[PDB]
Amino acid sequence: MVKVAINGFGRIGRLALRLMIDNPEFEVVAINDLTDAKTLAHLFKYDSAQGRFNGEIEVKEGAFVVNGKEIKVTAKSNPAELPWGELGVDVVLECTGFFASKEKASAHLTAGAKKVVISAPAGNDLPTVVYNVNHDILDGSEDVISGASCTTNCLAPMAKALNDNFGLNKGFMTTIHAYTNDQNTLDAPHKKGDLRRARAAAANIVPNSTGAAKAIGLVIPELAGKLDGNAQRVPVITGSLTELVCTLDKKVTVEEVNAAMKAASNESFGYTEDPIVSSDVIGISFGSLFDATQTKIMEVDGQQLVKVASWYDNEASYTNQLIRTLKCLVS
């Protein structure tokens, strides 16, 4: 049994609990956030995007019990003050968005935790892993690691397949992304000074920056410095699409590209020929779902520009990858 704590019971943290609660390999001992147990339990029970929790929840003072299993609730904003050493937690899932670095997240280790998995990009001085792309880099000795971004978990398998089959010279990624909690409800100042994430999330197409493409080198070293891109946040509650426009080493046809993708398909990376829309990927277990209906190739003179697209649920896809990586790290 592996003792896990969750710091930051948000979209990712709560969905992580949903994925770990039924699997006997883990024991979620505690959850830390900024609120009381009643609030945490209600948010776990009811979800506007992922549906009702299938199980039973009851709340007790300073704790709540899910499926008969009790979980201590704490409210410490400073991780070094947490009781990880006292409950002897094995791994902390750092899901707050505030401690995404080796320096900052290591406060969990000083608090007594043996290992930490960060739910975001956390710099380049620690292992960053996209499951079924580079999880082989783990040997079990790593105290703090990053599960990368949702967008890298969508893009990496696609870019790796393209590079391995045809060699990818370069490309531009644009992700049409569901809005998230870092955007305002209505136009208002933003905490980090972003004048676009300041705007009403569900009423706008909101251009935004993302480093997923520039940082791919941390996951696929061969592609370091070969991709860039940005995002457009749009008014869907969850569900996103990654488009990649690129040039390859070899002339290709749509059929050849789609076949390479199907051949690279696994549990993390899926393949579909159905003309789906975003609402159809909510809650999927794949980290990436390649959409063969969106493959397009244009040729001028002898040079090809290739466009590919893969769906992902920035919540469920990422969290499933995060739990795959958590299982690998503790094995």
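One-based numbering along the sequence shown.
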property	result
Stretch exceeding the other in mean C-alpha B-factor - 275 to 283, 296 to 304	296 to 304
Mean Cα B-factor comparison, 99 to 107 or 181 to 189, giving the higher one as deposited	99 to 107
From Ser209, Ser149, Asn204, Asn169, residue of greatest CA B-factor	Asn169
Options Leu244, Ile237, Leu126, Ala231 - largest CA temperature factor per the record	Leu126
Entry-reported Cα temperature factor of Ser265, expressed as the chain third it lands in	middle
Where the record places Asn32 (Cα B-factor, split into thirds across the chain)	middle
B-factor third for the C-alpha atom of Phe44 within its chain	lowest
Among modelled residues of the same chain, the CA temperature factor third for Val65	middle
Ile21, C-alpha B-factor rank within chain (lowest, middle or highest third)	highest
